[PDB]
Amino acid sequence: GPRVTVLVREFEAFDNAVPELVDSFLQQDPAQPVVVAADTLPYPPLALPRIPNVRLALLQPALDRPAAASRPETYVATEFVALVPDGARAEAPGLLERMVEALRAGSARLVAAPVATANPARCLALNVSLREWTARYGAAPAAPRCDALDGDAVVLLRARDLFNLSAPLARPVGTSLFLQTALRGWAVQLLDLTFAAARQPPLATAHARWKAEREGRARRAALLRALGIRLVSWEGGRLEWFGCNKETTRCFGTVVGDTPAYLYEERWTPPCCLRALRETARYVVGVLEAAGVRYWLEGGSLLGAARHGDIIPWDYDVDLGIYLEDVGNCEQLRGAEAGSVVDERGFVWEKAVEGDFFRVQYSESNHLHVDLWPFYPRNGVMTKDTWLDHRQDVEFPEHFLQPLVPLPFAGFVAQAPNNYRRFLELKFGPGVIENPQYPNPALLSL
């Protein structure tokens, strides 16, 4: 009796070799359980053999079906399952259980075998950090032991493992499966077996390939958005973004309780939102230094610069102090008092709700902002005509600004108050640099 169920999820309705795939596996064992899975019934018809061991799983709700019909485990009776991509074929007999023998004998949860197509499976490293909304891929140091595969491969694992994932068949499965299994610390072993390719392989023409790649990329972009992957890095570079940008809204809505939505989801600030924050801070600092306005890193930005030289990973804005008597030297700021100002490079310069301060937004739509806090000396004390509850929003000795010091921050060099360690612990408390904490720990703590 068979112990593996072949499962086919990656194929296009408009052009596939799924009939050849299924028929190749049935030729080695006519009782072989085989499942083709789809979100809608594929048209043109697949016209698979109408036998009981060949079933087609429709994985979307229907008014006339029971809950079990859209659950893929309903269709698998065996202990193991083989994810076969379209374009693969079974020509050598018995490979399906050399893969189970290797899986049982080995130390990894998944075993894989390349399919001999134009894109044969390559072994990858993969780190998923939901806190940073990032997947980081690279070359696999312990190959053939991988975190993820790229390319065409049959993947075999226990049905109990595959169907306890939250998105077991989400598309592209080559992306979704290894994001789930890598995050669990599971490994996949690229076995030295090769599956033959379809005799007449699918998407032969350039135009067929072009439509398949366009829909695939669309599915991949929706997948990463749905799962909260905003940034995909390969070896730290070749950055692929899936978050906000200059034309969109920012990822998180209006903050309430000084606790943004991402903290309630046990994540930190989305990397697109940090990337836009760094870009805006440099732009503003560049403008102020060209205009001759004395600025200095303030609040959480100074604290992030003093600790690790960047925006704090869970912070949502950038804060700068400025000398009030310098506001006139900036075109953007002197216009910000009369009304909103969109400058030549799309940044919006505004005077605030109330609180006598200046916000500079990344764009008209994306409200990630640098806040500018103007102070004026008052007997050697820096003061403002307004305040907010926050502990670190206080007056302070002006001598902390008499010299200003370079301080690396967010990929450039900015000005900070002299002896910034002491000035930070005045506003925040002793030990702030060495003990990181969330904006509102009474609501949410690290």
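Between two forms, the rigid core is defined as the largest C-alpha subset superposing within 1.5 Å. Don't overthink the numbering: it's just position in the shown sequence, from 1.
Engineer: Could you say which moves further from this form in 7 other deposited structures of this protein, stretch 235 to 243 or stretch 127 to 135, by root mean square CA distance after aligning on the core?
Structural biologist: The answer is 235 to 243, which departs more from the shown form in 7 other deposited structures of this protein.
Engineer: Core-aligned, RMS over all structures and residues: is 295 to 303 or 372 to 380 the stretch with the greater C-alpha displacement in 7 other deposited structures of this protein?
Structural biologist: Looking at 372 to 380 and 295 to 303 in 7 other deposited structures of this protein, the bigger mover is 372 to 380.
Engineer: In at least a third of the other compared PDB entries, does residue 392 have no coordinates?
Structural biologist: Yes, residue 392 lacks coordinates in at least a third of the other compared entries.
Engineer: Relative to the other PDB entries of this protein in the set, is residue 325 coordinate-less in at least a third?
Structural biologist: Counting only entries that model residues on both sides, residue 325 is resolved in every one of them.
Engineer: Comparing average C-alpha B factors as deposited, tell me which of 350 to 358 and 368 to 376 sits higher.
Structural biologist: Looking at the record's C-alpha B-factors, the answer is 350 to 358.
Engineer: Can you tell me which stretch has the higher mean Cα B-factor, 389 to 397 or 33 to 41?
Structural biologist: The recorded data point to 389 to 397.
Engineer: Between 270, 93, 299, 253, where does the Cα B-factor run highest in the record?
Structural biologist: That would be 93.
Engineer: Which one of 340, 249, 129, 74 shows the top CA temperature factor in the record?
Structural biologist: Within the set 340, 249, 129, 74, 340 shows the top C-alpha B-factor.
Engineer: For residue 317, does the deposited CA B-factor place it in the lowest, middle or highest third of the chain?
Structural biologist: Tercile = lowest for this residue's CA B-factor.
Engineer: Divide the modelled residues of the chain into thirds by Cα B-factor and specify which third, lowest, middle or highest, holds residue 20.
Structural biologist: Ranked within chain, residue 20 CA B lands in the middle tercile.
Engineer: Split the chain's modelled residues into thirds by Cα B-factor; is residue 284 in the lowest, middle or highest one?
Structural biologist: Middle third.
Engineer: Within this chain's modelled residues, let me know which third the CA B factor of residue 304 belongs to: lowest, middle or highest.
Structural biologist: CA B-factor rank for residue 304: lowest third.
Engineer: So where's residue 136 on the chain's Cα temperature factor ranking, which third?
Structural biologist: It falls in the middle third of the chain.
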